[PDB]
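What follows is the residue order along each chain.
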Amino acid sequence: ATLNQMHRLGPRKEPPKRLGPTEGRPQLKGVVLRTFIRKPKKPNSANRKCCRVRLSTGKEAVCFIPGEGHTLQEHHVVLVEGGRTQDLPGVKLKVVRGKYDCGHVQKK
Amino acid sequence: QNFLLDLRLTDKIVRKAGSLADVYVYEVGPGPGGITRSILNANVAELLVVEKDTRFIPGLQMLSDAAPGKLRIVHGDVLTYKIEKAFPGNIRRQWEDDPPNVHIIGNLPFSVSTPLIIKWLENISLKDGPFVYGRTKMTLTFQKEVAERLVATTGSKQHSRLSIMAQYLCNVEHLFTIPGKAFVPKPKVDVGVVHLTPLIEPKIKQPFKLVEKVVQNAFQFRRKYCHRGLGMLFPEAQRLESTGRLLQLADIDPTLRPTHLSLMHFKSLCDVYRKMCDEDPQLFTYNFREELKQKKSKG
Amino acid sequence: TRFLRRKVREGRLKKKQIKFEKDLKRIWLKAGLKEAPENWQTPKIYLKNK
Amino acid sequence: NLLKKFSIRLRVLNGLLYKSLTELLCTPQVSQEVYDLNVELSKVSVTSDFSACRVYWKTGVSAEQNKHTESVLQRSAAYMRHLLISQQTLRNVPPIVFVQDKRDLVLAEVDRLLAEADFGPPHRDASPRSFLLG
RNA sequence: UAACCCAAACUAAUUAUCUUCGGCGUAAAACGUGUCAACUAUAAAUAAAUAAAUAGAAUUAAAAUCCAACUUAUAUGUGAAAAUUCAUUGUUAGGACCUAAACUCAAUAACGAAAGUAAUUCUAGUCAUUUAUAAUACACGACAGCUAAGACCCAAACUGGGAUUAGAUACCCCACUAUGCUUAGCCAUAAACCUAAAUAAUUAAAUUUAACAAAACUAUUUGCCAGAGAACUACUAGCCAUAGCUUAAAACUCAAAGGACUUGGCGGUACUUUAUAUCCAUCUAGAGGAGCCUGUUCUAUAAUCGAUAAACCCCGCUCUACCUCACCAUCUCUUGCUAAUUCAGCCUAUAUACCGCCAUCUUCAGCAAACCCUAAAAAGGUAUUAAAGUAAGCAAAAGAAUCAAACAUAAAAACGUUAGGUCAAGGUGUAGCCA
Ligand SMILES: [K+]
Ligand SMILES: [K+]
Ligand SMILES: [Mg+2]
Ligand SMILES: [Mg+2]
Ligand SMILES: [Mg+2]
Ligand SMILES: [Mg+2]
Ligand SMILES: [Mg+2]
Ligand SMILES: [Mg+2]
Ligand SMILES: [Mg+2]
Ligand SMILES: [Mg+2]
Ligand SMILES: [Mg+2]
Ligand SMILES: [Mg+2]
Ligand SMILES: [Mg+2]
């Protein structure tokens, strides 16, 4: 662009950073609604443990439960955090192990 | 032609067709038999298949052995083979009754699908042929956009002779479109699956050939004032007067384009045209592409 | 679905006319007139006038 | 710039290509030499892939006459392909190859003998990991 | 388990800190065409006189069409037919018509802003603003399409009849229509692209500054672009358009999308030469039938195993009455071949862990290390009146054997191909059995 064109337009317009699953918040608290399995996109082949939760904001989201084995059930309380599950499409939330009803993986 | 080798999709096609348990199914152009296998595994009481190619008959016969007493194979043309008495007469139902226990499903080439449905549409008007059992439903494959026209509504760019002819005789529903990549040889167009159920009361109650002529003359020029197309039904000497009378009696604005002619509009035209054909029987035989050939001093 | 599009087009244009008419009523009412200017009739500009 | 720049269907293509190439060789359109050769065409056989087009021309008695006819015909085969695309006989034409057909000589031979015949009365390797260690 | 990092912290989540002097032929982007403003830059006082710009009027050579005379028995059409046709056909230095389009020239490169424009004649007509720079204005805008009235030679979506195929709504044939033409109105779209914005420079900066296009680069002014799909989409607004046209998002979802090159492959390599006891042909004796001998499969038995398309089937076997023997039934032995050994022994599973020895293409012709060169190389490296290639191996050839000589026959035949065959020639990895 010419200097006259740069002057008339000024600095480049920067669209604001889009909010993610946590809505620009470190963590959210949600109530478990259902516990189900999600199938990772091929080439990945597994039965990943996830749960649907109603977050404090009022929306409903799917959250991956990390660790080998969880005791979560409906009506339980959990603290979810950010971080996408790469193989699971649409799963942008994860459960925090060791907070509220969710407990640390049981080393056996 | 295009073949379907995916057993998952044939099972999906049967699943889309609904419950075939205890139903007398007539399959057209079974070919390799992928659809035939799915129909046989749907608790079908009796299945009759007509394959014109003798090369595929041995494959069908082998499938018949795998399903003893469930498969019937005829080496013939679907366009000519008569199924009026293929199934017992006790399953026949009245035209106003619920659809009989007869359902015609099949994946045919598009060369065969278009002539087959046109002949069957006349049979629906005649209530004969495959429709002697009543308002038999047909789940047939067509070219993606031919199916769009079979279901296209008034004013649609796909609205044409397929829309008026098919819809006035049947309730036409486009189920889904199958991708072409899985077909051998590969077609460059997708394949639309259409479900057709004959109507208890046809939208137009005139001879099938009369409706076909009126629909054809109307849609010969899609972008013209319909008055242009309807004029070709009448000899030039009486074209101006008769065309004005026809539109005046049918209560249609002469400037309405063929695409904006609804099913009820054609019914009014067909009803008026029927009276005119009774007044002059020679009018029904007029062809504008032949009178003009024979007008130039035929002698 | 062209039929619906024409139906949507004719109903969209009708709302487009009402918005035009209402915007003209706001102007004279705000100015303090209690009736539209004498010999004025809002032109119908979105109808099949051509 | 210039230097860089420089079943039923086969029955239809085989017959039409023969019908057209016969006309090209009946005039000097290809060349005056090709016209003077007075070449005759037995048949045209197009391959299934359409990679090439065989043109069978009735060979003669003299080998020298045939050797000359072959060279002249082959040189013009590329140009002959141009004339068929330009007159709009066929949109796509394969590289035309000229083949000999000596059956014509045999066909005359049979009649001569047959007339005279006596019928009688009726990763680790790629990586520096191994190297860095020592 | 060890190591590494940080350390009274540590690791996750979230948020913030980094912000336009870059581009617009092929990747995002010059967005159909010209003209008039205000700025910003620039500086000269010309232009035009041009072959097919454009509009109008008149005109007509070739080929059709129609009427008439004469006239074959056919004409038409395809790769081959059918349909169509005899109210046809051929000829006419006969008449009528003036519909439509403009051969050669044109191997030319003119005109116009673009679209576009080349039969002849005549009339009107292009021209000076220093130059670049314009929309919310004005005027145009191929083809296709609509409206009304005409035209209609031929062509022709479509429609109908005839063929085709395992079947084509296809490709092909015949007939005919919208339409292509004209005069009045509308539509405003093209890969409307020379895919190049418009101007004034320069040819040196020891500048292929990716590559392919079209040598490169500088200055000026405007327009445009900012990862991809969603999207020539939704909505809004304008419009004789009403499925349209122009303008043009978000959610959403991902780590790619995209461009130019180079290679390898197989596809239908079916094409031209090719095989040589071979693909067909030629020739001789056989096999395929009968009887037996023998291998295999099957059936079948308490009763081996392996080979088992070419490249198994008188195969391991140049060899099973016992032995051979690895199989089956039944009885018996437990430190049970050896100098020693909580050891001996093991034809127990995997030839898809291997050695070994082979089949196969095969008497096929390739496999090619080390150097050297390239405006960078993903690779390539030949010219003999020679132009970047070179000097060494492996196979072939040669040599030797069949006891003169040749020829022939044997032998030889690299690297790969078939996880080809063989754990049962033997040896062996791993796992399994030890009254
Ligand atoms: K037809
Ligand atoms: K081996
Ligand atoms: Mg682009
Ligand atoms: Mg004229
Ligand atoms: Mg003049
Ligand atoms: Mg016409
Ligand atoms: Mg909007
Ligand atoms: Mg084996
Ligand atoms: Mg023995
Ligand atoms: Mg023994
Ligand atoms: Mg043993
Ligand atoms: Mg020797
Ligand atoms: Mg040798």
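**Student:** Can you explain the overall build of chain C? Please cite residues and give values.
**Tutor:** Of regular secondary structure, chain C possesses 1 helix and 0 strands. Whereas a compact globule of 50 residues would reach a radius of gyration of roughly 10 Å, chain C reaches 15 Å, over 25% beyond that. Reported as C-alpha extents along the three principal axes, the dimensions of chain C are approximately 45 × 20 × 10 Å. For chain C, the residues scored as buried account for 6% of the 50 residues in total. Accessible surface computed for chain C: about 5200 Å², of which carbon and sulfur atoms make up 56%. Put simply, chain C has 18 plus and 5 minus side-chain charges, and the middle of one group is 13 Å from the middle of the other.

**Student:** Go over the interface of chain B and chain C, please, and point to the residues and values.
**Tutor:** A common way to state how big an interface is: give the accessible area lost once the parts meet. Taken together, the contact pairs 6 residues of chain B with 4 residues of chain C. Both faces combined, the contact of chain B with chain C buries some 340 Å², and carbon together with sulfur accounts for 56% of it. Looking only at chain B, the three residues that lose the most surface to chain C are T153, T154 and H260 of chain B, adding up to 68% of its buried area. Taken together, chain B and chain C are joined by 0 salt bridges. Applying the counting rule to chain B against chain C returns 1 residue pair in polar contact.

**Student:** Tell me about empty space enclosed by the protein, and please be specific about residues and values.
**Tutor:** All names here are of chain B. Here the largest cavity is characterised by a volume of approximately 100 Å³. As for the largest cavity, its lining consists of 13 residues, of which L4, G29, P30, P32 and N107 are closest to the centre. Listing elements by their share of the lining of the largest cavity, those giving two or more residues are β1 (3–4) and α2 (34–40). Per-class residue counts for the lining of the largest cavity are 5 nonpolar, 7 polar and 1 charged. By volume, the second largest cavity amounts to about 50 Å³. Those elements that provide at least two residues to the lining of the second largest cavity are β5 (102–106) and β6 (137–143). The leading source of residues in the lining of the second largest cavity is β6, at 3 residues.

**Student:** Give a detailed account of the sheet that holds strand β4 (residues 77–81) of chain A, specifying residues and quantitative values.
**Tutor:** Residue and element names in this part refer to chain A. Strand order in the closed barrel made by the 5 strands is β1-β2-β3-β5-β4, with mixed pairing throughout. The mean angle between the axes of side-by-side strands here comes to 55°, regardless of whether they run parallel or antiparallel. With 5 bridges joining them, strand β1 (residues 27–38) and β4 adopt antiparallel strand pairing. What sits directly across from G30, in β4, is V78.

**Student:** Help me get a handle on the pairing of β5 of chain B, residues and values and all.
**Tutor:** All names here are of chain B. For β5, the tally of buried residues reaches 5 of 5 residues, placing the bulk of the element in the interior. Side-chain alternation along β5 places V102, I104 and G106 on one buried face and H103 and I105 on a second face that is also buried. Inspection of the sheet shows strand β2 (residues 24–28) paired to β5 by 4 bridges, in the parallel sense. Paired with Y26 across the strands is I104, a residue of β5. Of the pairings in the sheet, the one linking β5 to β6 comprises 4 bridges and is parallel in character. Bridge pairing in β6 links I104 to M138. As a crossover connection, the stretch from β5 through helix α4 (residues 110–126) into β6 is right-handed.

**Student:** I'd like to hear about the UniProt feature "binding site: S-adenosyl-L-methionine" in chain B, residue by residue, with values.
**Tutor:** Residues and elements named next belong to chain B. With numbering aligned to this structure, UniProt lists the feature "binding site: S-adenosyl-L-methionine" at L4, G29, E51, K52, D77, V78 and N107. From this annotated list, the subset lining the largest cavity comprises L4, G29 and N107. Relative to the helices and strands, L4 resides in strand β1. Since its relative accessible area comes to 6%, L4 is described here as buried. Leaving out residues up to four positions away in the same chain, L4 has contacts with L9, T10, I13, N107 and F183. Its place among the elements puts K52 in the loop between β3 (46–50) and α3 (57–66).

**Student:** I'd love a proper account of the protein's contact with RNA strand E, names of residues and values included.
**Tutor:** RNA strand E sits among 74 residues. The nearest are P26 of chain A, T114 and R289 of chain B together with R2 and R9 of chain C. Protein-proximal atoms of RNA strand E, defined as those within 4 Å of the protein, fall in sugar or phosphate at a share of 59%. Separating a base nitrogen of RNA strand E from a side-chain N or O atom of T114 of chain B is a distance of 2.4 Å. The contact in question runs from a phosphate oxygen of RNA strand E to an N or O atom on the side chain of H260 of chain B, over 3.2 Å. Mapped onto the surface near RNA strand E, the elements with two or more residues apiece are α1 (3–9) of chain A, α4 and α12 (288–295) of chain B, α1 (2–31) of chain C together with α2 (8–24) and β3 (96–101) of chain D. Among the residues making up the surface near RNA strand E, the classes are represented as 18 nonpolar, 22 polar and 34 charged.

**Student:** A description of the packing of helix α6 (residues 161–169) of chain B against helix α7 (residues 208–218) of chain B should follow, citing residues and the corresponding values.
**Tutor:** Residues and elements named next belong to chain B. It is the contact of α6 with α7, at a shortest axis distance of 9 Å, that shows an interaxial angle of 150°. Considering the angle they form, α6 stands roughly antiparallel to α7. In the crossing of α6 with α7, the sense of the turn from one axis to the other is right-handed. Seen from α6, the contacting residues are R161, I164, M165, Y168 and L169; seen from α7, they are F208, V211, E212, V215 and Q216. Per-class residue counts for the contact of α6 with α7 are 7 nonpolar, 1 polar and 2 charged.

**Student:** Tell me about the environment of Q5 of chain A, and name the residues and values.
**Tutor:** Residues and elements named next belong to chain A. Take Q5: it is sitting in helix α1. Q5 sits in the partly exposed class, given a relative accessible area of 37%. In the structure, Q5 is positioned 15 residues away from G20 in sequence and 35 Å away in space, judged by C-alpha atoms.

Here is what the cut-offs are and how they apply
- Entry numbering is not used for residues: they are numbered from 1 along each chain in the order the sequence is written, which may differ from it, and residues without coordinates are omitted.
- For this description, chains carry letters from A and ligands carry numbers from 1, given in the order in which they are written.
- Each value given relates to the chains shown, not to the larger assembly they are part of.
- Side-chain numbers come from the whole structure's heavy atoms, not from hydrogens or water.
- Secondary structure is summarised from DSSP: a helix means a run of H or I of at least four residues, a strand means a run of E of at least two, and numbering begins at the N terminus for each.
- Restricting the calculation to C-alpha atoms gives the radius of gyration, and the globule rule supplies 2.2 Å times the number of residues raised to the power 0.38.
- Working definition: with a 1.4 Å probe on protein chains only, accessible area under 20% of the residue-type maximum means buried, over 50% means exposed, and in between means partly exposed.
- Surface accessibility follows the Shrake-Rupley procedure with a 1.4 Å probe radius. Residue values consider only the protein chains on display as shielding.
- The charge count treats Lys and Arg as positive and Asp and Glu as negative. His and the chain ends do not count.
- To locate a charge, take atom NZ for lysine, CZ for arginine, CG for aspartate or CD for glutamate.
- Two residues qualify as a contact provided that any one of their heavy atoms is within 4.5 Å of a heavy atom in the partner residue.
- Summed over both partners, the accessible area (1.4 Å probe) lost when two parts come together is defined as the buried area.
- Salt bridges, as used here, are contacts in which a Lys or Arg side-chain nitrogen is within 4 Å of a carboxyl oxygen on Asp or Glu.
- What qualifies as a polar contact is a pair of N or O atoms within 3.5 Å, subject to a donor-acceptor requirement within protein and to the restriction that residues adjacent in sequence count only when both atoms come from side chains.
- A pocket, in this scheme, is an open set of points on a 1 Å grid over the protein atoms alone with protein on both sides within 12 Å along at least 5 of 7 lines, while a cavity is a set where a 1.4 Å probe fits but cannot get out; residues line either one if an atom lies within 4 Å of a point.
- Grid points are joined across faces, edges and corners, and a volume is the space filled by probe spheres set on the points.
- Any residue that is not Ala, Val, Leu, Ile, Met, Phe, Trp, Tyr, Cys, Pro, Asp, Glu, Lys or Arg is counted as polar, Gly included; the first ten are nonpolar and the last four charged.
- Paired strands are those between which DSSP finds at least two bridges.
- Axes, fitted as lines to C-alpha atoms, cover a helix only where it is in contact. Angles between the N-to-C directions of the axes lie from 0 to 180 degrees.
- Seen with its strands pointing away from the viewer, a crossover is right-handed when the path leading from the first strand over the helix to the second is clockwise.
- UniProt positions are given in the numbering used here, feature names are shortened, and annotations may be inferred rather than shown by experiment.
- Near, as used in this document, describes a residue that has one of its heavy atoms within 4 Å of the molecule or strand being considered.
- Any angle that is under 35 degrees is reported as roughly parallel, and any over 145 degrees as roughly antiparallel; angles of 65 to 115 degrees are reported as roughly perpendicular and all others as oblique.
- By convention, the crossing between two helices is left-handed when the near helix turns anticlockwise from the far helix through less than a right angle, and right-handed when the turn is clockwise.

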